[PDB]
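start_30.tsv follows (TSV, N, CA, C and O atoms):
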chain	number	residue	atom	x	y	z
H	1	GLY	N	20.44	-33.14	188.10
H	1	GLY	CA	20.97	-32.23	187.10
H	1	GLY	C	21.75	-31.08	187.72
H	1	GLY	O	22.62	-30.49	187.08
H	2	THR	N	21.44	-30.77	188.98
H	2	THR	CA	22.12	-29.69	189.68
H	2	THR	C	22.15	-29.95	191.18
H	2	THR	O	21.58	-30.92	191.67
H	3	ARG	N	22.83	-29.07	191.92
H	3	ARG	CA	22.93	-29.20	193.37
H	3	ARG	C	23.19	-27.85	194.02
H	3	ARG	O	24.21	-27.22	193.78
H	4	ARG	N	22.24	-27.41	194.84
H	4	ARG	CA	22.36	-26.13	195.53
H	4	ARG	C	21.60	-26.15	196.85
H	4	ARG	O	21.05	-25.14	197.29
H	5	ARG	N	21.56	-27.32	197.49
H	5	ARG	CA	20.86	-27.47	198.76
H	5	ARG	C	21.81	-27.23	199.93
H	5	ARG	O	22.90	-27.79	199.99
H	6	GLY	N	21.38	-26.38	200.87
H	6	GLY	CA	22.20	-26.07	202.02
H	6	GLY	C	21.64	-26.67	203.30
H	6	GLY	O	20.90	-26.01	204.03
H	7	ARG	N	22.00	-27.92	203.57
H	7	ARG	CA	21.53	-28.61	204.77
H	7	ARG	C	21.96	-27.86	206.03
H	7	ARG	O	22.77	-26.94	205.97
H	8	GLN	N	21.41	-28.26	207.17
H	8	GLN	CA	21.74	-27.63	208.44
H	8	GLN	C	22.80	-28.43	209.19
H	8	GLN	O	23.39	-29.36	208.65
H	9	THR	N	23.03	-28.06	210.45
H	9	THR	CA	24.02	-28.74	211.27
H	9	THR	C	23.39	-29.30	212.54
H	9	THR	O	22.51	-28.67	213.14
H	10	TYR	N	23.84	-30.48	212.95
H	10	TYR	CA	23.31	-31.12	214.15
H	10	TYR	C	24.42	-31.37	215.16
H	10	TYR	O	25.51	-31.83	214.81
H	11	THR	N	24.14	-31.07	216.43
H	11	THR	CA	25.12	-31.27	217.49
H	11	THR	C	25.32	-32.75	217.79
H	11	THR	O	24.51	-33.59	217.40
H	12	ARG	N	26.40	-33.06	218.49
H	12	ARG	CA	26.71	-34.44	218.84
H	12	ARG	C	25.52	-35.11	219.52
H	12	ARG	O	25.13	-36.22	219.15
H	13	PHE	N	24.94	-34.44	220.50
H	13	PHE	CA	23.80	-34.97	221.23
H	13	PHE	C	22.64	-35.26	220.28
H	13	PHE	O	21.82	-36.14	220.53
H	14	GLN	N	22.58	-34.51	219.18
H	14	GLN	CA	21.52	-34.68	218.19
H	14	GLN	C	21.84	-35.85	217.26
H	14	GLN	O	21.00	-36.72	217.04
H	15	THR	N	23.05	-35.86	216.72
H	15	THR	CA	23.47	-36.92	215.81
H	15	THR	C	23.50	-38.27	216.52
H	15	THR	O	23.16	-39.30	215.92
H	16	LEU	N	23.89	-38.27	217.78
H	16	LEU	CA	23.95	-39.49	218.57
H	16	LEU	C	22.55	-39.96	218.96
H	16	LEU	O	22.20	-41.12	218.75
H	17	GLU	N	21.76	-39.05	219.52
H	17	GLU	CA	20.40	-39.38	219.94
H	17	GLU	C	19.55	-39.78	218.74
H	17	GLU	O	18.97	-40.87	218.71
H	18	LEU	N	19.47	-38.90	217.75
H	18	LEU	CA	18.69	-39.16	216.55
H	18	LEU	C	19.07	-40.51	215.94
H	18	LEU	O	18.20	-41.30	215.58
H	19	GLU	N	20.37	-40.76	215.82
H	19	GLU	CA	20.86	-42.01	215.26
H	19	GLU	C	20.59	-43.18	216.20
H	19	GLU	O	20.47	-44.33	215.77
H	20	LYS	N	20.49	-42.88	217.49
H	20	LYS	CA	20.24	-43.90	218.50
H	20	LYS	C	18.91	-44.60	218.24
H	20	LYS	O	18.84	-45.83	218.23
H	21	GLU	N	17.86	-43.81	218.03
H	21	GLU	CA	16.53	-44.36	217.77
H	21	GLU	C	16.40	-44.77	216.31
H	21	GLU	O	15.81	-45.81	216.00
H	22	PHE	N	16.94	-43.96	215.41
H	22	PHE	CA	16.88	-44.24	213.98
H	22	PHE	C	17.59	-45.55	213.65
H	22	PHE	O	17.20	-46.27	212.73
H	23	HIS	N	18.63	-45.86	214.42
H	23	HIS	CA	19.39	-47.09	214.21
H	23	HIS	C	18.50	-48.31	214.35
H	23	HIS	O	18.62	-49.27	213.58
H	24	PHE	N	17.60	-48.28	215.33
H	24	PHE	CA	16.69	-49.39	215.57
H	24	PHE	C	15.49	-49.32	214.62
H	24	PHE	O	15.14	-50.31	213.97
H	25	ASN	N	14.86	-48.15	214.55
H	25	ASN	CA	13.70	-47.96	213.69
H	25	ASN	C	13.53	-46.48	213.34
H	25	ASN	O	13.88	-45.60	214.13
H	26	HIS	N	12.98	-46.22	212.16
H	26	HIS	CA	12.75	-44.85	211.71
H	26	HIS	C	11.26	-44.58	211.53
H	26	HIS	O	10.69	-44.86	210.48
H	27	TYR	N	10.64	-44.02	212.56
H	27	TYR	CA	9.21	-43.71	212.52
H	27	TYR	C	8.76	-43.05	213.82
H	27	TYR	O	9.07	-43.53	214.91
H	28	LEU	N	8.02	-41.96	213.69
H	28	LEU	CA	7.53	-41.23	214.85
H	28	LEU	C	6.14	-40.65	214.58
H	28	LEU	O	5.82	-40.29	213.45
H	29	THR	N	5.33	-40.57	215.63
H	29	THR	CA	3.97	-40.03	215.51
H	29	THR	C	3.94	-38.54	215.80
H	29	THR	O	4.98	-37.92	216.03
H	30	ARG	N	2.74	-37.97	215.81
H	30	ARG	CA	2.58	-36.54	216.08
H	30	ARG	C	3.16	-36.18	217.44
H	30	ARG	O	4.10	-35.39	217.54
H	31	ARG	N	2.58	-36.75	218.49
H	31	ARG	CA	3.04	-36.48	219.85
H	31	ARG	C	4.51	-36.85	220.01
H	31	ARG	O	5.23	-36.21	220.78
H	32	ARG	N	4.95	-37.87	219.29
H	32	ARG	CA	6.33	-38.32	219.35
H	32	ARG	C	7.27	-37.25	218.79
H	32	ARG	O	8.25	-36.87	219.43
H	33	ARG	N	6.97	-36.78	217.58
H	33	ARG	CA	7.79	-35.77	216.93
H	33	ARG	C	8.01	-34.57	217.85
H	33	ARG	O	9.14	-34.27	218.22
H	34	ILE	N	6.92	-33.91	218.22
H	34	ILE	CA	6.99	-32.75	219.09
H	34	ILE	C	7.76	-33.07	220.37
H	34	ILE	O	8.42	-32.21	220.95
H	35	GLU	N	7.66	-34.32	220.81
H	35	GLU	CA	8.34	-34.76	222.02
H	35	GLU	C	9.84	-34.51	221.92
H	35	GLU	O	10.43	-33.89	222.81
H	36	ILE	N	10.45	-34.98	220.84
H	36	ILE	CA	11.88	-34.79	220.63
H	36	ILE	C	12.18	-33.42	220.04
H	36	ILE	O	13.28	-32.90	220.18
H	37	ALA	N	11.18	-32.83	219.38
H	37	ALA	CA	11.33	-31.52	218.78
H	37	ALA	C	11.52	-30.44	219.84
H	37	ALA	O	12.37	-29.56	219.71
H	38	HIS	N	10.71	-30.52	220.90
H	38	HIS	CA	10.79	-29.55	221.99
H	38	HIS	C	11.89	-29.93	222.98
H	38	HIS	O	12.53	-29.06	223.57
H	39	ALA	N	12.09	-31.23	223.16
H	39	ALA	CA	13.11	-31.72	224.08
H	39	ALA	C	14.51	-31.48	223.53
H	39	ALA	O	15.40	-31.01	224.25
H	40	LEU	N	14.70	-31.79	222.25
H	40	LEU	CA	16.00	-31.60	221.60
H	40	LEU	C	16.16	-30.16	221.11
H	40	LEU	O	17.19	-29.80	220.55
H	41	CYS	N	15.13	-29.35	221.34
H	41	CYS	CA	15.16	-27.95	220.92
H	41	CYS	C	15.25	-27.84	219.40
H	41	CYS	O	15.69	-26.82	218.87
H	42	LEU	N	14.83	-28.90	218.71
H	42	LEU	CA	14.87	-28.92	217.25
H	42	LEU	C	13.50	-28.60	216.66
H	42	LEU	O	12.53	-28.39	217.40
H	43	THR	N	13.42	-28.57	215.34
H	43	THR	CA	12.16	-28.29	214.65
H	43	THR	C	11.53	-29.56	214.10
H	43	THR	O	12.23	-30.48	213.69
H	44	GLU	N	10.20	-29.60	214.09
H	44	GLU	CA	9.48	-30.76	213.59
H	44	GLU	C	9.97	-31.14	212.20
H	44	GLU	O	10.04	-32.32	211.85
H	45	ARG	N	10.30	-30.14	211.40
H	45	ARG	CA	10.78	-30.37	210.04
H	45	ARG	C	12.18	-30.97	210.05
H	45	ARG	O	12.50	-31.82	209.22
H	46	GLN	N	13.00	-30.53	211.00
H	46	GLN	CA	14.37	-31.02	211.11
H	46	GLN	C	14.38	-32.53	211.32
H	46	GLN	O	15.09	-33.26	210.62
H	47	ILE	N	13.59	-33.00	212.28
H	47	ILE	CA	13.51	-34.43	212.57
H	47	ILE	C	12.99	-35.21	211.37
H	47	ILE	O	13.52	-36.27	211.02
H	48	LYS	N	11.95	-34.69	210.73
H	48	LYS	CA	11.36	-35.33	209.56
H	48	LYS	C	12.40	-35.51	208.46
H	48	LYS	O	12.62	-36.63	207.98
H	49	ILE	N	13.03	-34.42	208.06
H	49	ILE	CA	14.05	-34.46	207.01
H	49	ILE	C	15.24	-35.30	207.44
H	49	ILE	O	15.75	-36.11	206.67
H	50	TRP	N	15.68	-35.11	208.68
H	50	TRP	CA	16.82	-35.86	209.21
H	50	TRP	C	16.62	-37.36	209.02
H	50	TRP	O	17.57	-38.10	208.76
H	51	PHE	N	15.37	-37.81	209.14
H	51	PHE	CA	15.05	-39.22	208.98
H	51	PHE	C	15.15	-39.64	207.52
H	51	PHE	O	15.72	-40.68	207.20
H	52	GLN	N	14.59	-38.82	206.63
H	52	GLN	CA	14.62	-39.10	205.20
H	52	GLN	C	16.05	-39.11	204.68
H	52	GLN	O	16.43	-39.99	203.91
H	53	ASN	N	16.84	-38.13	205.10
H	53	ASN	CA	18.23	-38.02	204.67
H	53	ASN	C	19.03	-39.24	205.11
H	53	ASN	O	19.67	-39.90	204.30
H	54	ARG	N	18.98	-39.54	206.41
H	54	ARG	CA	19.70	-40.68	206.96
H	54	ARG	C	19.38	-41.95	206.18
H	54	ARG	O	20.27	-42.72	205.84
H	55	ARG	N	18.09	-42.16	205.91
H	55	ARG	CA	17.65	-43.34	205.18
H	55	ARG	C	18.24	-43.36	203.77
H	55	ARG	O	18.48	-44.43	203.20
H	56	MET	N	18.47	-42.18	203.22
H	56	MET	CA	19.04	-42.06	201.88
H	56	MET	C	20.41	-42.72	201.80
H	56	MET	O	20.72	-43.40	200.83
H	57	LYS	N	21.22	-42.51	202.83
H	57	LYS	CA	22.55	-43.09	202.88
H	57	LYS	C	22.49	-44.58	203.22
H	57	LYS	O	23.35	-45.36	202.80
H	58	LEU	N	21.47	-44.97	203.97
H	58	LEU	CA	21.29	-46.37	204.36
H	58	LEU	C	21.27	-47.27	203.13
H	58	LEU	O	20.28	-47.33	202.40
H	59	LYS	N	22.37	-47.99	202.91
H	59	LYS	CA	22.48	-48.90	201.77
H	59	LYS	C	21.93	-50.28	202.12
H	59	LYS	O	22.33	-50.88	203.11
H	60	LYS	N	21.00	-50.76	201.30
H	60	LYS	CA	20.40	-52.07	201.52
H	60	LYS	C	19.58	-52.51	200.31
H	60	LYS	O	18.39	-52.77	200.41
H	61	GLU	N	20.24	-52.59	199.16
H	61	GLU	CA	19.58	-52.99	197.92
H	61	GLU	C	18.47	-52.01	197.55
H	61	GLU	O	17.35	-52.11	198.04
H	62	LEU	N	18.80	-51.06	196.68
H	62	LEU	CA	17.84	-50.06	196.25
H	62	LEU	C	17.32	-49.24	197.43
H	62	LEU	O	16.23	-48.67	197.37
Starting from the coordinates I provided, produce the structure as structure tokens.
Amino acid sequence: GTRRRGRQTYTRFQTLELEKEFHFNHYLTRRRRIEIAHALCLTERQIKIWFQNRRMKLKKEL
């Protein structure tokens, strides 16, 4: 009904890396999340949402 969401921005290294693993599979554990969260200097929430968003665009029958 409306739209007022202000997503964030991801660097090339982030879009490439994130998509690198997401391309094969989309799923990470606790230790896994923090692993890329602290390594990529990103936030645990960023990775979580980034996965949900990417999957949203992923077209494959519903």
Q | Distance in Å - atom CA of residue H:7 versus atom CA of residue H:25 | A |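 Taking atom CA of residue H:7 and atom CA of residue H:25, their separation equals 22.7 Å.
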Q | Exercise: stretch 27-35 of chain H partners within 8 Å, only N, CA, C and O atoms, chain neighbours under 5 positions left out, as a PyMOL selection string | A | chain H and resi 21-22+40-44+47-48+51
(Q) Just the number, please: distance in Å from atom CA of residue H:8 to atom N of residue H:24, one decimal. (A)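 Atom N of residue H:24 lies 22.2 Å from atom CA of residue H:8.
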Q: Would you work out the distance separating atom CA of residue H:17 from atom CA of residue H:59, expressed in Å to one decimal?
A: 20.6 Å
(Q) From a backbone DSSP assignment, name each residue in chain H labelled helix (DSSP H, G or I), as JSON, numbers by chain. (A) {"H": [12, 13, 14, 15, 16, 17, 18, 19, 20, 21, 22, 23, 24, 30, 31, 32, 33, 34, 35, 36, 37, 38, 39, 44, 45, 46, 47, 48, 49, 50, 51, 52, 53, 54, 55, 56, 57]}
Could you take the residues named above and write them with N, CA, C and O atoms, as a CSV table (one decimal), in the frame of the given file?
chain,number,residue,atom,x,y,z
H,12,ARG,N,26.4,-33.1,218.5
H,12,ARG,CA,26.7,-34.4,218.8
H,12,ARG,C,25.5,-35.1,219.5
H,12,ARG,O,25.1,-36.2,219.2
H,13,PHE,N,24.9,-34.4,220.5
H,13,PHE,CA,23.8,-35.0,221.2
H,13,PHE,C,22.6,-35.3,220.3
H,13,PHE,O,21.8,-36.1,220.5
H,14,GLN,N,22.6,-34.5,219.2
H,14,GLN,CA,21.5,-34.7,218.2
H,14,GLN,C,21.8,-35.8,217.3
H,14,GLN,O,21.0,-36.7,217.0
H,15,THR,N,23.0,-35.9,216.7
H,15,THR,CA,23.5,-36.9,215.8
H,15,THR,C,23.5,-38.3,216.5
H,15,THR,O,23.2,-39.3,215.9
H,16,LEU,N,23.9,-38.3,217.8
H,16,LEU,CA,24.0,-39.5,218.6
H,16,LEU,C,22.6,-40.0,219.0
H,16,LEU,O,22.2,-41.1,218.8
H,17,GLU,N,21.8,-39.0,219.5
H,17,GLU,CA,20.4,-39.4,219.9
H,17,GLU,C,19.6,-39.8,218.7
H,17,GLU,O,19.0,-40.9,218.7
H,18,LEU,N,19.5,-38.9,217.8
H,18,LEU,CA,18.7,-39.2,216.6
H,18,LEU,C,19.1,-40.5,215.9
H,18,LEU,O,18.2,-41.3,215.6
H,19,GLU,N,20.4,-40.8,215.8
H,19,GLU,CA,20.9,-42.0,215.3
H,19,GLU,C,20.6,-43.2,216.2
H,19,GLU,O,20.5,-44.3,215.8
H,20,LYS,N,20.5,-42.9,217.5
H,20,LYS,CA,20.2,-43.9,218.5
H,20,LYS,C,18.9,-44.6,218.2
H,20,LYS,O,18.8,-45.8,218.2
H,21,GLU,N,17.9,-43.8,218.0
H,21,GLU,CA,16.5,-44.4,217.8
H,21,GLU,C,16.4,-44.8,216.3
H,21,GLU,O,15.8,-45.8,216.0
H,22,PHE,N,16.9,-44.0,215.4
H,22,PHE,CA,16.9,-44.2,214.0
H,22,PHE,C,17.6,-45.6,213.6
H,22,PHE,O,17.2,-46.3,212.7
H,23,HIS,N,18.6,-45.9,214.4
H,23,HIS,CA,19.4,-47.1,214.2
H,23,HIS,C,18.5,-48.3,214.4
H,23,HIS,O,18.6,-49.3,213.6
H,24,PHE,N,17.6,-48.3,215.3
H,24,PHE,CA,16.7,-49.4,215.6
H,24,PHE,C,15.5,-49.3,214.6
H,24,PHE,O,15.1,-50.3,214.0
H,30,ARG,N,2.7,-38.0,215.8
H,30,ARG,CA,2.6,-36.5,216.1
H,30,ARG,C,3.2,-36.2,217.4
H,30,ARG,O,4.1,-35.4,217.5
H,31,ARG,N,2.6,-36.8,218.5
H,31,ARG,CA,3.0,-36.5,219.8
H,31,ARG,C,4.5,-36.8,220.0
H,31,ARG,O,5.2,-36.2,220.8
H,32,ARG,N,5.0,-37.9,219.3
H,32,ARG,CA,6.3,-38.3,219.4
H,32,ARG,C,7.3,-37.2,218.8
H,32,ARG,O,8.2,-36.9,219.4
H,33,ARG,N,7.0,-36.8,217.6
H,33,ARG,CA,7.8,-35.8,216.9
H,33,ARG,C,8.0,-34.6,217.8
H,33,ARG,O,9.1,-34.3,218.2
H,34,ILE,N,6.9,-33.9,218.2
H,34,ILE,CA,7.0,-32.8,219.1
H,34,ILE,C,7.8,-33.1,220.4
H,34,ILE,O,8.4,-32.2,221.0
H,35,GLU,N,7.7,-34.3,220.8
H,35,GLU,CA,8.3,-34.8,222.0
H,35,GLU,C,9.8,-34.5,221.9
H,35,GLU,O,10.4,-33.9,222.8
H,36,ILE,N,10.4,-35.0,220.8
H,36,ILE,CA,11.9,-34.8,220.6
H,36,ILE,C,12.2,-33.4,220.0
H,36,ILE,O,13.3,-32.9,220.2
H,37,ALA,N,11.2,-32.8,219.4
H,37,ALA,CA,11.3,-31.5,218.8
H,37,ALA,C,11.5,-30.4,219.8
H,37,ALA,O,12.4,-29.6,219.7
H,38,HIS,N,10.7,-30.5,220.9
H,38,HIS,CA,10.8,-29.6,222.0
H,38,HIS,C,11.9,-29.9,223.0
H,38,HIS,O,12.5,-29.1,223.6
H,39,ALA,N,12.1,-31.2,223.2
H,39,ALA,CA,13.1,-31.7,224.1
H,39,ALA,C,14.5,-31.5,223.5
H,39,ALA,O,15.4,-31.0,224.2
H,44,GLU,N,10.2,-29.6,214.1
H,44,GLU,CA,9.5,-30.8,213.6
H,44,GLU,C,10.0,-31.1,212.2
H,44,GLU,O,10.0,-32.3,211.8
H,45,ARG,N,10.3,-30.1,211.4
H,45,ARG,CA,10.8,-30.4,210.0
H,45,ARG,C,12.2,-31.0,210.0
H,45,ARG,O,12.5,-31.8,209.2
H,46,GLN,N,13.0,-30.5,211.0
H,46,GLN,CA,14.4,-31.0,211.1
H,46,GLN,C,14.4,-32.5,211.3
H,46,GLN,O,15.1,-33.3,210.6
H,47,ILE,N,13.6,-33.0,212.3
H,47,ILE,CA,13.5,-34.4,212.6
H,47,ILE,C,13.0,-35.2,211.4
H,47,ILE,O,13.5,-36.3,211.0
H,48,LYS,N,12.0,-34.7,210.7
H,48,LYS,CA,11.4,-35.3,209.6
H,48,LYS,C,12.4,-35.5,208.5
H,48,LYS,O,12.6,-36.6,208.0
H,49,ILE,N,13.0,-34.4,208.1
H,49,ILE,CA,14.0,-34.5,207.0
H,49,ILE,C,15.2,-35.3,207.4
H,49,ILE,O,15.8,-36.1,206.7
H,50,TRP,N,15.7,-35.1,208.7
H,50,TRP,CA,16.8,-35.9,209.2
H,50,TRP,C,16.6,-37.4,209.0
H,50,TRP,O,17.6,-38.1,208.8
H,51,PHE,N,15.4,-37.8,209.1
H,51,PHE,CA,15.0,-39.2,209.0
H,51,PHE,C,15.2,-39.6,207.5
H,51,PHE,O,15.7,-40.7,207.2
H,52,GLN,N,14.6,-38.8,206.6
H,52,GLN,CA,14.6,-39.1,205.2
H,52,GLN,C,16.0,-39.1,204.7
H,52,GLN,O,16.4,-40.0,203.9
H,53,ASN,N,16.8,-38.1,205.1
H,53,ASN,CA,18.2,-38.0,204.7
H,53,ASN,C,19.0,-39.2,205.1
H,53,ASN,O,19.7,-39.9,204.3
H,54,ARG,N,19.0,-39.5,206.4
H,54,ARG,CA,19.7,-40.7,207.0
H,54,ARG,C,19.4,-42.0,206.2
H,54,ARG,O,20.3,-42.7,205.8
H,55,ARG,N,18.1,-42.2,205.9
H,55,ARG,CA,17.6,-43.3,205.2
H,55,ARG,C,18.2,-43.4,203.8
H,55,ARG,O,18.5,-44.4,203.2
H,56,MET,N,18.5,-42.2,203.2
H,56,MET,CA,19.0,-42.1,201.9
H,56,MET,C,20.4,-42.7,201.8
H,56,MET,O,20.7,-43.4,200.8
H,57,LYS,N,21.2,-42.5,202.8
H,57,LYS,CA,22.6,-43.1,202.9
H,57,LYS,C,22.5,-44.6,203.2
H,57,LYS,O,23.4,-45.4,202.8
